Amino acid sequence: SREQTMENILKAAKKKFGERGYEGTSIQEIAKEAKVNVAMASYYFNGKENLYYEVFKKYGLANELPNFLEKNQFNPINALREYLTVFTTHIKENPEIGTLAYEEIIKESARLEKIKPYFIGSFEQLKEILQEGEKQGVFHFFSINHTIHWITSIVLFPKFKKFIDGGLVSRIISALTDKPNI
């Protein structure tokens, strides 16, 4: 329950920060939310900022993903479909990671630099998969860089889709496999 308390505080951390973002959340509240003293949470994670990063360390993507290409006999479409589903599902399960990360990103906050490392491996697996598919002639795009940009931009911002209107994985796949007439 030392371990349980810690998880409770982290679980709380994710919940509160998500509702109000970094500025607006207080340790008091997270303490309160996990049902422990302020003191305990400030001791275990030494302050707000560290507790903030620990939430990304704990709930982010950093060691969650296997090697999808390998796992899929190097069929790139299957590899991407599985990568995107696991990426979007991991966020759907911990949505603050995406909401908070996207905020820090569009605001280019000072926190961004120490948050990014919890995303970097997932972007670079995306790149490898896209490049293998391009190599095999199954994906077609003009720039790997542009493509990685629009894919991660919409995957990390699920709510923008509904706002825009009122299926994502297959739309990303259909976009990539479409071969231009030319």
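A residue's number is simply how far along the shown sequence it sits, counting from 1.
According to the entry, the stretch of the deposited sequence that connects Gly166 to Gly167 contains 4 to 9 residues lacking coordinates, which leaves a gap of moderate length in the model. The stretch with the higher mean CA B factor, choosing between 23-31 and 144-152, is 23-31.
Of the two stretches examined, 53-61 and 40-48, the record assigns the greater average C-alpha temperature factor to 40-48. For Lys159, the recorded CA B-factor ranks within the middle third of the chain. Only modelled residues enter the ranking. When all modelled residues of the chain are sorted by CA temperature factor, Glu96 is found within the lowest third. Per the deposited record, the Cα B-factor of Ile182 falls in the highest third when ranked against the other modelled residues of its chain. Residue-level temperature factors show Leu112 in the highest third of its chain, judged at the C-alpha atom. Remark: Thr89 belongs to the highest third of its chain, ranked by C-alpha B-factor as recorded.
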